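Below: the structure, in structure tokens.
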């Protein structure tokens, strides 16, 4: 059970990093040069 | 318990890859052309 | 249309300002996609 609680904390910061990562990628599309692909 | 220790190592390199992935995305915003979205 | 549907979906707000500064054109502002 100590191995599971170590793994839960190692997953809780992983999903915290991924959500922090997701807003960065949302910022990339928000601020990006698009001229050739403007439909 | 051997299944949990296999899963902990399969998660320890996953968060190692995600942190390596996060600095790449931080580099993309660091070096990016922004003209249309300069507020 | 598809420029506005793309720019609004991904937060590109300056693209949306250059698409909606043409006033008195509200058919495309409420047009829906597929």
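Chains as they are written, first to last, in my numbering: chain P, 1 to 39; chain H, 40 to 78; chain A, 79 to 112.
C-beta: ideal position from N, C-alpha, C; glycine also.
Shown here, residue 13 of chain P sits in a helix according to DSSP, grouped into three states. Not one beta carbon of chain H lies nearer than 8 Å to the beta carbon of residue 104 of chain A. In the DSSP assignment, residue 96 of chain A falls within the unbroken alpha helix (DSSP H) covering 91-98. A straight line joining the alpha-carbon of residue 94 of chain A with that of residue 8 of chain P spans about 42 Å.
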